[PDB]
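See structure below.
None of the figures in this text is laboratory data; all of them are computed from the coordinates on show. Virtual Cβ from ideal backbone geometry, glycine too; neighbours counted across all protein chains shown.
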Amino acid sequence: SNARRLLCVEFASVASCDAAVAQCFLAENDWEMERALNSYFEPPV
Amino acid sequence: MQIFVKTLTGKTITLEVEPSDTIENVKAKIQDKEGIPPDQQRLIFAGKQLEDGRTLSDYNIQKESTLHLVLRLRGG
Ligand SMILES: [K+]
Ligand SMILES: [Mg+2]
Ligand SMILES: [Mg+2]
């Protein structure tokens, strides 16, 4: 969707990452961007 | 010098800092401006989360840089 494409652009800006990576982090976090970015910056340990 | 902090809730925060400011110092300035507790703040520059104890100079953050602010979430 247009809206999800906008989320991917925003995620990738913050993470300075590839669009494909952004999309998968988003999708795996129910398309919830702040949650997805928290996951990105603090992955499982 | 000036740096900008972009939040995910639609604000750009305009800070005054020095290269020698620590990341904690920057988070305190954000708390001053927006009331966001430092413990909630993840400050990001050039795709990397900035660590307490380092300075802006350690990360080569120069004048007019934009940082991003991601907040830790509760309840999920
Ligand atoms: K990154
Ligand atoms: Mg000054
Ligand atoms: Mg204060």
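Quick one: net charge around residue B:76, please, counting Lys, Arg +1 and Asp, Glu -1 for every other residue with C-beta under 9 Å from its C-beta.
Surrounding charge for residue B:76 is +1.
Between the alpha-carbon centers of chain A and region B:1-69, tell me the distance in whole angstrom.
Using only Cα atoms to place each centre, the spacing works out to 21 Å.
Return one number: the angle in degrees, 0 to 90 and rounded to the nearest 10, between the long axis of the Cα atoms of helix B:23-34 and the longest principal axis of the Cα atoms of chain B.
60 degrees
Please compute the modelled spin-label separation between residue B:48 and residue B:12, points set 7 Å along Cα→Cβ, answer in nm with one decimal.
Here the answer is 2.5 nm between the modelled labels.
Calculated from DSSP H runs of 4 or more alone, at -39500 (n - 2.57) each and per residue, what is the 222 nm mean residue ellipticity of chain B, nearest 500? Walk me through the numbers on the way to the answer.
On the way: 1 runs with 12 residues, N = 76.
After summing the helix terms and dividing by the residues of chain B, the value is -5000 deg cm²/dmol.
How high is the relative contact order of chain B? Use alpha-carbon pairs under 8 Å, at least six apart in sequence, and give a whole percent.
Over chain B, the number comes to 40 percent.
Report the net charge of residues surrounding residue B:27, where surrounding means a beta-carbon distance below 9 angstrom and charges are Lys +1, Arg +1, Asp -1, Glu -1. Provide the component values of the computation, followed by the final result.
Details: positive: B:29; negative: B:24, B:39, B:52.
Charge balance in the 9 Å sphere: -2.
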